[PDB]
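Enquirer: just need the structure, nothing else, for what follows:
(chains A, B and C, ligands or ions: 1)
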Amino acid sequence: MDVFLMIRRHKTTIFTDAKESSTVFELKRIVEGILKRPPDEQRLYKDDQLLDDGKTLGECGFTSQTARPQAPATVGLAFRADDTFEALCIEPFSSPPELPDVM
Amino acid sequence: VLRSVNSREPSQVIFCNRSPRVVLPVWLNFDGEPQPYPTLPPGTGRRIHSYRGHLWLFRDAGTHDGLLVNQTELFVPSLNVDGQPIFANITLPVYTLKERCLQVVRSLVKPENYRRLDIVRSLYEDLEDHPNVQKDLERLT
Amino acid sequence: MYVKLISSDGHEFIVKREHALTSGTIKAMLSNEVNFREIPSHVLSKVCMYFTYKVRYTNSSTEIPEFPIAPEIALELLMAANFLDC
Ligand SMILES: CC(=O)N[C@H](C(=O)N1C[C@H](O)C[C@H]1C(=O)NCc1ccc(-c2scnc2C)cc1)C(C)(C)C
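Expert: Numbering: from 1, shown residues only, chains lettered A, B, ... in the order given. And now the structure:
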């Protein structure tokens, strides 16, 4: 079962899919391929929860019917600058304007 | 040109609405005129009597948006094998993002106000160019 | 293989190259980062979700869900869709 994700850190957002049976560590390998930082310099999160490497995405609550192509689930990402990990920080997207009167 | 053939050979059909829309079935009559038939609510089905060589298409009853039936625009009942009815699976197409956006804007703004919107004339014209059974019939021909 | 799509407000969206090439306009801007001075992140994020949706459900037997668009973003998303040709 494919799950569809946005892996997000600061103003970076990665759209990708993975298997429900795949692991947190395997998702770090995906991020490694794209942002060139090894798994040991990454933390992945579901909301405020630090995810453990050995767990499957499905176990961590990323399921095919909640992590959908048109509405993907969010995975937080934090990097270790040298010795210690930054805090998890995800910049929100911009706010839409007020609806025009005619809408 | 696009018209049902007057075969008079019965063919039973299941109209199965696997879309989230209210569905308007349209039978193309022997002169090529579109005839509307009773609507189907989302997720419902109807066993209906049609005929071999008849032509049908399917629309959103509210907006006339085009829908697919067995993955194409036109459905023609065929011979019933072993008494079994023909299945007509009605689904959403994958709309282009532009077309989907037009649908949502059309659903929120009365046609009187399409011109009041702050967009290029051509988008005003796209909004006003409502999904239209006639245009589609000409196209298909 | 990925490409980077950057919104007007500086959000960097990283998507599969083949998904981005869905847009004829992006294909042109790539012929591998693209900046969009007029498309804010709350619109471009949705554009990226559409790619995933289209690629996933195009010529698929499985039932197709409605692509959701909140009323507040629809006008801006219409404009971006028109520009990007999709
Ligand atoms: C011999 C022939 O061609 N007859 C035609 C005919 O019976 N037709 C044309 C189409 O093939 C369908 C068929 C017909 O009218 N069947 C009755 C019918 C009634 C309601 C419905 C529907 S559509 C959604 N809900 C319903 C109940 C479908 C079929 C008429 C009477 C219209 C000239």
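Enquirer: okay, and the residue in chain C sticking out farthest from the centre sits in which element?
Expert: Relative to the centre of chain C, the most outlying C-alpha is that of residue C:61, 23.6 Å out, by Cα atoms, centre = their mean. Counting by DSSP states H and E, there is no helix or strand that carries residue C:61.
Enquirer: what's the spacing between it and residue B:89?
Expert: Between residue C:61 and residue B:89 the computed distance is 9 Å (Cβ to Cβ, to the nearest Å). Just so you know, the C-beta spots here come from the backbone N, C-alpha and C atoms, and that holds for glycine as well.
Enquirer: likewise for residue B:23?
Expert: Distance from residue B:23 to residue B:89, by Cβ to Cβ: 11 Å.
Enquirer: same question, residue B:31
Expert: Residue B:31 is 28 Å from residue B:89, where distance means Cβ to Cβ.
Enquirer: the more surrounded of these two?
Expert: residue B:89 (18 against 7; other Cβ atoms under 10 Å in any protein chain shown).
Enquirer: and whichever strand or helix holds the more buried one, anywhere near chain A?
Expert: Applying DSSP H and E as the criterion places residue B:89 in strand B:86-91. No: figure legend: strand B:86-91 not in contact with chain A (Cβ under 8 Å from any Cβ of the partner chain); closest approach 15.6 Å.
Enquirer: touching chain C at all, the next helix or strand after that strand?
Expert: Note on strand B:86-91: by DSSP H and E, the next helix or strand toward the C-terminus is helix B:97-108. Yes: looking at helix B:97-108 against chain C by Cβ under 8 Å from any Cβ, the contacts come from B:97-98, B:100-102, B:104-105, B:108.
Enquirer: please pick the buried ones from those residues.
Expert: Buried by 16 or more other Cβ atoms under 10 Å in any protein chain shown: B:97-98, B:100-102, B:104-105, out of these.
Enquirer: can you tell me which of these lies closest to residue A:43?
Expert: residue B:97 (34.2 Å; Cβ to Cβ).
Enquirer: just the element for residue B:13, please.
Expert: Residue-wise, residue B:13 maps onto strand B:10-17 under DSSP H and E.
Enquirer: can you list the neighbours in contact with that strand?
Expert: Defining contact as Cβ atoms under 8 Å, 6 or more residues apart in numbering or on different chains, one finds that strand B:10-17 is touched by B:23, B:25, B:40-52, B:54, B:58, B:77-80, B:85-90.
Enquirer: make JSON lines out of the buried ones among the residues of helix B:97-108 next to chain C and add distance to chain A.
Expert: Shown next, in JSON lines, are those (distance: Cβ to the nearest Cβ, whole Å):
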{"residue": "B:97", "distance to chain A": "11"}
{"residue": "B:98", "distance to chain A": "16"}
{"residue": "B:100", "distance to chain A": "11"}
{"residue": "B:101", "distance to chain A": "13"}
{"residue": "B:102", "distance to chain A": "14"}
{"residue": "B:104", "distance to chain A": "10"}
{"residue": "B:105", "distance to chain A": "8"}
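Enquirer: helices of chain B, start to end?
Expert: Taking DSSP state H, the helices of chain B run over residues B:97-108, B:121-128, B:133-140.
Enquirer: just the angle for the first one relative to helix B:121-128, thanks.
Expert: Put plainly, it is helix B:97-108. Here helix B:97-108 points in a direction 70 degrees away from that of helix B:121-128 (axes from the mean of the first three to the mean of the last three Cα atoms, to 10 degrees).
Enquirer: so which elements touch helix B:97-108?
Expert: With contacts defined as 3 or more Cβ pairs under 8 Å, 6 or more residues apart in numbering or on different chains; DSSP states H and E, helix B:97-108 has these neighbours: helix B:121-128, helix C:41-57, helix C:74-84.
Enquirer: name every strand pairing with the strand holding residue B:13 and say which way it goes.
Expert: Strand B:10-17 has its sheet partners listed here by DSSP bridges as strand B:45-51 (antiparallel), strand B:86-91 (parallel).
Enquirer: how distant is the longest one from the center of its chain?
Expert: Just to be clear, that refers to strand B:45-51. Per Cα atoms, centre = their mean, to the nearest Å, the displacement of strand B:45-51 from the mean C-alpha position of its chain is 16 Å.
Enquirer: from chain A, which residue is nearest to chain B?
Expert: Chain B sits closest to residue A:102 of chain A, with a gap of 4.0 Å, by Cβ to the nearest Cβ.
Enquirer: what residues does chain A have near chain B?
Expert: Applying Cβ under 8 Å from any Cβ, one finds that chain A approaches chain B through A:100, A:102-103.
Enquirer: outline the domain layout of chain B.
Expert: By the assignment in curated CATH domains, chain B contains the domains B:2-91, B:92-141.
Enquirer: ok, which of the ones you listed comes nearest residue A:92?
Expert: Across those, closest to residue A:92 is domain B:92-141 (Cβ to Cβ), at 22.9 Å.
Enquirer: just the terminal-to-terminal distance for the closest one.
Expert: End-to-end distance for domain B:92-141: 22 Å, by Cα to Cα, to the nearest Å.
Enquirer: how about stretch B:77-87?
Expert: Per Cα to Cα, stretch B:77-87 runs 9 Å from first to last residue.
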